[PDB]
Every structure is written in C-alpha cells, then in structure tokens.
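Protein chains in written order, with the deposited numbering: chain A, 1 to 302; chain A', 1 to 302. A prime marks a further copy of an entry chain. The structure appears right after this line, and notes come after that.
Protein chains: 2
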Amino acid sequence: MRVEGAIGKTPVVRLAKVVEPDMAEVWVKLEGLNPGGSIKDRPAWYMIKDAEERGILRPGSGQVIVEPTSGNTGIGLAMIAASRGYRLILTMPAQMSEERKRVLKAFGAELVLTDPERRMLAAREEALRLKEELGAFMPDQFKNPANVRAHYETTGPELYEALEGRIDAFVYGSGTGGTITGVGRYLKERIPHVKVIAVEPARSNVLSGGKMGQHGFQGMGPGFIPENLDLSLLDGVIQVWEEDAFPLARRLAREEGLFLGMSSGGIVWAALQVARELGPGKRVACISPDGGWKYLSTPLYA
Amino acid sequence: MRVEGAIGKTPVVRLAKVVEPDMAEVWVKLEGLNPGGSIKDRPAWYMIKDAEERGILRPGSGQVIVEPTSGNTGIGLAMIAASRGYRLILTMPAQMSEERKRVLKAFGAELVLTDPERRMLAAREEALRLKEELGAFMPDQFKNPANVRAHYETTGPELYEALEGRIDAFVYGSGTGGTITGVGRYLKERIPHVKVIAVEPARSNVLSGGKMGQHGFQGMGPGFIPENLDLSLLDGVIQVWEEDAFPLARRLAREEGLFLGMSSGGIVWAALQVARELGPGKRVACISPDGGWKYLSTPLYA
Ligand SMILES: *Cc1c(COP(=O)(O)O)cnc(C)c1O
Ligand SMILES: *Cc1c(COP(=O)(O)O)cnc(C)c1O
Ligand SMILES: CC(C)CCC(=O)O
Ligand SMILES: CC(C)CCC(=O)O
C-alpha cells in the first residue's frame, strides 16, 4: 500500500469538558490524522485519481500539475504528486511563510512566488499561464466535482457509520465547499431531519450577505462563494469571531487533549452553539480540518 | 470516545522508489498518525492506564504526574493528562526550543526548566524532587513495564496482522526500548526465523560497545541502555549517520510522499541495508516514530 492508501478512516471523538449538560452531544471527526496532515488529503487524491480515470493523467509519467495554493490543498497535492510521480508546481503570494514553503518543498513541489500585492489574483493568473504554456493539469479545487465526490464517497459514509446514522445536525467551516456539500448530501439522503450548518468568519461573511475580509481561520472562509458549495443544502450559516474561537481552541487542547487548527476552533465553537439549541437528547457532528501542528507560530498558540 | 481511544491502528506502507529490485520488501508503519503525533501516544496512555488499574491514579482527580521529558513522551503524556484530568509537570533543560514548549503548554502541561549545563541530569533530579515533595506519580518511561506492554499488546499485533504474519526482519531505532522489546517479543513468539535489529546513532553507539555522544536523531539513541530494552531479543545492531539518513529522509518525502521525522530517516536507512542483505523474496518491517511536522526548523528540512 502507498501513502494515498493511508488517507481516510479517521476517528471521531465526543467532547466531554467544553460542553454543558444542556447541550446535545458534540462529536468531532479528526481529519488532521491524515498522512498529509489535513482533510485536504481526500480532495487532493480524488482530483488526481479522477484525472487518471478520465485519461488526463497516467501515474509515473512525470506529467505537470499546477494549482494556485499554498494551503492544505497544496500539501495534499504535493504528497500525492510525490507518491505517484507527477511534477507539481504551486503558485502563491511571495509573502508566504518559510515554514509552509519548507513543507511544500520537502514533498518536491516547485513553488512560484507571485506579486505579494496582488494576493490570490496573481497566483491564479500564473497558474493559468503555466497551464496554458505547459498543457498542464490544474485540479481547480473550487470547481472540480471530484472534490465534492471525495466527501460524498468517503468522509460522509465514515461519519454516518461511526455515529450509527444518528446525527441531528452537521456543522462545518466551508472553504472550497467540497466537504459540506459531499457530506451534507450523503447525510440528507439518509437522515430526513438532519440540518446542515455552514460556518464562516464574521470578518469575511459572504454567505451571510456580508463582505469579504482578512481573517485568521486559515483554510476556511475564502471570501467568495465557490462553485463546489451547494447553497440549497444549507439550513443556516453561523458567523464566528477569532476572539471567541481561539480561546475555545486552547480549551479543547487543555481540557479535551485535542490540539486542533485555527478553523477547528471556529467550527467547534459554532457546533457548541448548535448543540445548545438542539438540547440534551440530540447529536451534533462536525469535522476538525487539521491539527495545531502547523500553527505554533500564530496567535492561536504563540 | 475520547482522544485516548483514537490512538493506534496506524497504517503500514510499502516503499516503492527508494528501494531497489535486489532488496526485500520494506514496509513502514506510520506512528506519526497518532493524535499526539507520535508512537509515544501508546506508552503514554499505557503507563497512565496501568497506574489507574493499580490504584495509583483515578481519572478526573487532578492528581499530579511528573516526568523528566520534553520529547514525544512529554507530548503524549500532556495529551492524556489533559483528557483524563491530571495535573502534569514536565522537567527539562532550559535550552528547550520555544516551539516544543508551546506544544506542551497548549496541552496544559506545567514546565520546569532546569540547569541547561546539567542536561538531563538536572531534569531527572527535579522530577524526583517533585515526586517526593508532592507524592506525585512518575511514569518512569525507561523502566516502566507498561511501556513495553503497550507495544506487546497493540503495536506488535497490528504489524503482524497487517503483514499477514509474513515478516523476516523487524528494524527499529531504540529510545526507551519499549517498542523493540514489545514488538520483538510478539513477533518472535510467532515467527521462528524473524530477526530483530536495533538501530542506534553511530555518534552515540552504546549498544555497539561504543560511547554516548550528541546526535541529531531526536527521540532515539538515549546514550545508555534502558531497563526496558531486552538485549536478549536483538539479532544485531546497525549504526547510522545523519549524513546518510537525512538525505534519505528527504528522498522519502519527495519520492514516496512520506514526510517523516529525523529518527525515521535513520530507521529506514537501516531497514534498506537489511533489505539488501535478505534479498527479493523477503519482507523487512520497520516503524516511523513520527512525521516531519515538528522538524521544519532542523537541518533535516531547513
Ligand atoms: C480545506 C480546509 C477547510 C474547508 O474544507 P472544504 O472542503 O474545502 O470546504 C477548512 N479548514 C482548513 C484548515 C482547511 O484546510
Ligand atoms: C520514542 C521515540 C523513539 C523510540 O521508541 P521507543 O519505544 O522509546 O524505543 C524513536 N524516535 C522518536 C522520534 C521517538 O519519539
Ligand atoms: C479552502 C480554501 C479556503 C483554501 C484551500 C487551500 O488552498 O488549502
Ligand atoms: C526515547 C528517549 C530517547 C526519549 C523519550 C522522550 O522523552 O520522548
């Protein structure tokens, strides 16, 4: 078996200290326990596997893959490209942290640093230029249906099975939209009453009808509505503040032994609010995108 | 289920690029995919669980636990103490990196920084002083039999089962001695011919009859022979150099998509040497103690 085969089948834990008696149960699926360190291992593998199935790629070919990202998707893609023999090029703003750059380069990914003032725009443009110039494959994480399918076929079934089909609400901090759409659809097809609640930063609350903005929940809240997000599935949207989520993330670590990432703090905070609304006999399920290992130099744990 | 229940059942992957046709198969068990980030999650939980079973501890009591360590054992203990409600105090040299200190404090562990010039000695002395003063419980990782039992009951069975009882040699970089002793005994009780090979830093080659010394394989090669290491099980000892292991660790990341820790580089390098000796139709199994996530600031990936 290769590393791609080590992706998935992550555990789900029930919170016991940060919750209160008047709350529904709160379960958290730990996606940080993936070989790539995050939930992105799933869509990264699925988008590449889907490309191989469609004949766009053939493993061990040295074919070029390009994607504008330096986040978890970049790490997941780098891991898979290293394992399956593809040349990966990732575009990203020049202001990227040395830490992240080191992880990506460790996997052999080639990095192209773009205009720091043009943020994501310059990164997207360079990726498109390379795709055109090299005839490369671009996963296109925000609109590739294979992203959603990864969660519809693995993440969803796993969560459903682990919780024995008993879930009253599913809460998630949306990024590409793949997870909430894939898991949400899978759950709603089986649980008539289940509620699917999206979580987004109050500082970049576009799903709530607000405006995009800079925020600290790395990995979620892209500032736009991605094609992979099926709004028709949503039963609500909860806005979260770092001021509330970071202290909670620290409590999770000190009280539950759960050392999670920045987005996890926001997601769990939201899950607690939903748990209080539903009450004692209910069950709220949510997912922790990644662990705290990559954020020791951030205000979350610094 | 709580975080302690998320420990174990880690995957095993077969190397495909760094190996050669004239080598036996080389399988690597990824212990970095544990909630605490390393194989130490197992002995940490087992030593505490064993203490509860013997009546020394009762969870949720706020009882004090003290151990002289800032390594993976400290992280594993911190995680369990946070989850089960114990007050954890870890002693360590004052020259400890801020990164590690941040992880430990995230879990709520109390840190006592001791004389930087007295290395581990001052740390051990302060831990003993606290045990005495507070009547605290000290796991005592190098001599506690529960450490070994964790691997005899979980790590060993898992590896054996995953490889369908077909293992010709088991290779591991010894630290406390728990893993090689526990897994080694489990395997030798079932596989008559299996060879158990220990790995140690050439720079601190005490098992080979050499002398202790400073080295870069964090987590292994303590510079002494621990009580938990059963020398009678060993069929050999392989000395490894960072000069050889670090480049290999980088190849594993770029070619196998396996981003592993410093000790993993030394262990896999040794496993390759054994694989070449055994040949094509054989199987060599080894374990990766942790991932590369904690070593981005080291010469391995910096
Ligand atoms: C990818 C990611 C998310 C969002 O998951 P999507 O399926 O992309 O919606 C949230 N947090 C982190 C840290 C992520 O990497
Ligand atoms: C604990 C550890 C080891 C050694 O395992 P033992 O069972 O203690 O022999 C090796 N490498 C790392 C990184 C470790 O944390
Ligand atoms: C989900 C998005 C906000 C970020 C994807 C990434 O580059 O990891
Ligand atoms: C195995 C030993 C060399 C180190 C144990 C630790 O403190 O993590």
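Positions of the beta carbon are idealized from the N, C-alpha and C atoms, including for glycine.
Cβ-Cβ separation between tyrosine 152 of chain A and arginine 185 of chain A: approximately 6 Å, consistent with a contact (criterion under 8 Å). For the segment 10-23 of chain A', the set of residues with a beta-carbon nearer than 8 Å to any beta-carbon of chain A comprises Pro11, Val12, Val13, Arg14, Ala16, in chain order. Distances between the C-beta of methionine 23 of chain A' and the heavy atoms of ligand 4 are all 7 Å or more.
Under the criterion of beta carbons closer than 8 Å, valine 64 of chain A' and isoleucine 39 of chain A' do not qualify as touching, at roughly 25 Å. Among the CB atoms of chain A, one or more fall inside 8 Å of the CB of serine 83 of chain A'. In this structure, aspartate 115 of chain A lies near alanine 122 of chain A, with their beta-carbon atoms less than 8 Å apart. Checking the DSSP bridge columns, you'll see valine 240 of chain A partnered with A:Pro201. Following the DSSP letters along the chain, one finds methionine 120 of chain A' in no beta strand (DSSP E) but inside the alpha helix (DSSP H) bounded by residues 119-134. Counting C-beta atoms within 10 angstroms of its own C-beta, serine 174 of chain A has 16 or more neighbours from the protein chains shown and is therefore classed as buried. If you look at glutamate 158 of chain A', you'll find it in the alpha helix (DSSP H) that goes 156-162. Contact annotation: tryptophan 269 of chain A' and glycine 37 of chain A have beta-carbon atoms that are not nearer than 8 Å.
Under the 8 Å criterion on CB atoms, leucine 229 of chain A' is classed as non-interfacial with respect to chain A.
Between ligand 3 and the CB of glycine 219 of chain A, the shortest heavy atom gap is smaller than 7 Å.
Counting along the chain, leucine 77 of chain A sits inside no beta strand (DSSP E); it lies in the alpha helix (DSSP H) bounded by residues 72-84. Residues of chain A' whose Cβ lies closer than 9 Å to the Cβ of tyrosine 301 of chain A are, in chain order, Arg102, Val103, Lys105, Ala106. Annotation: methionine 1 of chain A' to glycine 165 of chain A spans about 16 Å, alpha carbon to alpha carbon.
Under a criterion of Cβ atoms nearer than 8 Å, the residues of chain A' adjacent to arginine 2 of chain A are, in order, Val13, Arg14, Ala16, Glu256, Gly257. Of the heavy atoms belonging to ligand 2, none sits nearer than 7 Å to the Cβ of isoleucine 80 of chain A. In the three-state reduction of the DSSP assignment, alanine 285 of chain A' falls in the strand class, which pools E and B. For the options A:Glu255, A:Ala249, A:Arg276, A:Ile56, the alpha carbon positioned closest to that of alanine 136 of chain A is the one of A:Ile56.
For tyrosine 172 of chain A, the secondary structure class from DSSP, reduced to helix, strand or coil, is strand.
Proximity of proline 192 of chain A' to chain A, defined by a Cβ-Cβ separation below 8 Å, is not satisfied. Boundaries of the beta strand (DSSP E) harbouring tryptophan 27 of chain A': 25-30, taken from the DSSP string. For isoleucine 65 of chain A, no alpha helix (DSSP H) encloses it; the enclosing beta strand (DSSP E) starts and ends at 64-68. Spanning the alpha carbons of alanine 275 of chain A and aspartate 230 of chain A' requires a straight line of approximately 51 Å. When C-beta distances to chain A' are compared with 7 Å, the residues of the segment 65-95 of chain A below that value are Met79, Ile80, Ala82, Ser83, in chain order. Inclusion of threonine 176 of chain A' in the 7 Å shell around ligand 2 follows from its C-beta lying nearer than that to a non-hydrogen atom of the ligand.
Sequence-distant partners of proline 222 of chain A (beyond 5 residues in either direction) whose C-beta falls short of 7 Å from its own C-beta, in its chain, are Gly175. Its chain contains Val3, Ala6, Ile7, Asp41, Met79 as the residues whose beta carbon lies nearer than 7 Å to that of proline 35 of chain A', once the 5 sequence neighbours on both sides are disregarded; these appear in chain order.
Three or more Cβ pairs closer than 8 Å define a contact, and the segment 276-296 of chain A' meets that threshold against the segment 19-26 of chain A'.
Among the CB atoms of chain A, one or more fall inside 8 Å of the CB of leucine 33 of chain A'. Shown here, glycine 292 of chain A sits in a helix according to DSSP, grouped into three states.
A direct Cα-Cα distance of roughly 19 Å separates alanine 127 of chain A' from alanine 82 of chain A'. In chain order, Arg42, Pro43, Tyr46 place their CB closer than 6 Å to the CB of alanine 150 of chain A', counting only its own chain and leaving out the 5 sequence neighbours on each side. Under the 8 Å criterion on CB atoms, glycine 37 of chain A' is classed as interfacial with respect to chain A.
Contact annotation: the segment 185-202 of chain A touches the segment 232-241 of chain A, with at least three C-beta pairs closer than 8 Å.
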